[PDB]
């Protein structure tokens, strides 16, 4: 029984999004898992369990509550598991609270990249009138800062987020929103995260920040559930040119926090609509240890 401290969506130590990984977590109760996640203090800790109906079952806990699948924690978990079991190029099936998920492992020069297929892409009607203006004013921007001819709009591949497309000229790192205003807007529109992003001039690459004060996370460093839908939204609205039937976007997040990370978003396209979204990233293990106490 070991604990691993992992920075996900980065190969640079102390960057990315940190997660704990514990295994084997078989015969740990729900309450012991919750206690260990509280103790480690990461946004999430993944606990790896044996499964007879899948390759592996993962349970995910914040310091206070069990959650369903989490992108960065899932990357961390499979990165650890690949490294410990010495996997090569493999497809793995994992179970969680949220059912079954397809995970891919790619090995290149003794390092690993983990891919996760997300749920079905979807969009809600664009936010207009007072709700739009209130979101823009919560970021202390004006309508001139928004990418022309594109909506502020809830997008999802499983956990919904508000897309806020910004012009390249906007200083996204200087953004300091009204957190209480965003929290109020989240209850009305029923969406707990806001995702302002911009596109690097000329490239299929982006820079975003994810603010979710309603749920108690002021800002998450690197968010698969924002970057995935963003890639889907980019196809849906024909914002980026693509050859073939795939859009590949390199999403950057976490720079203002001093926790830069990179998610590769691959979107398969059917009749110019997003069909499937896959997110990819690597990780770095800072340290790992056997527990010095009986659990």
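Positions refer to the first chain, counted from 1.
- Two stretches are in play, 7-15 and 20-28, and the higher mean C-alpha B-factor belongs to 20-28.
- For the pair 185-193 and 153-161, the record assigns the higher mean C-alpha temperature factor to 185-193.
- Across the residues 225, 115, 109, 120, the deposited record lists the maximum Cα B factor for 109.
- The PDB entry gives the largest Cα B-factor of the residues 39, 66, 52, 44 to 52.
- Ranked within its chain, residue 83 lands in the middle third, by CA B factor from the PDB record.
- When the modelled residues of the chain are ordered by their C-alpha B factor, residue 248 lands in the middle third.
- For residue 261, the recorded CA B-factor ranks within the lowest third of the chain. Only modelled residues enter the ranking.
- Among all modelled residues in its chain, residue 213 ranks in the highest third by Cα B-factor.
- Among all modelled residues in its chain, residue 100 ranks in the highest third by Cα B-factor.
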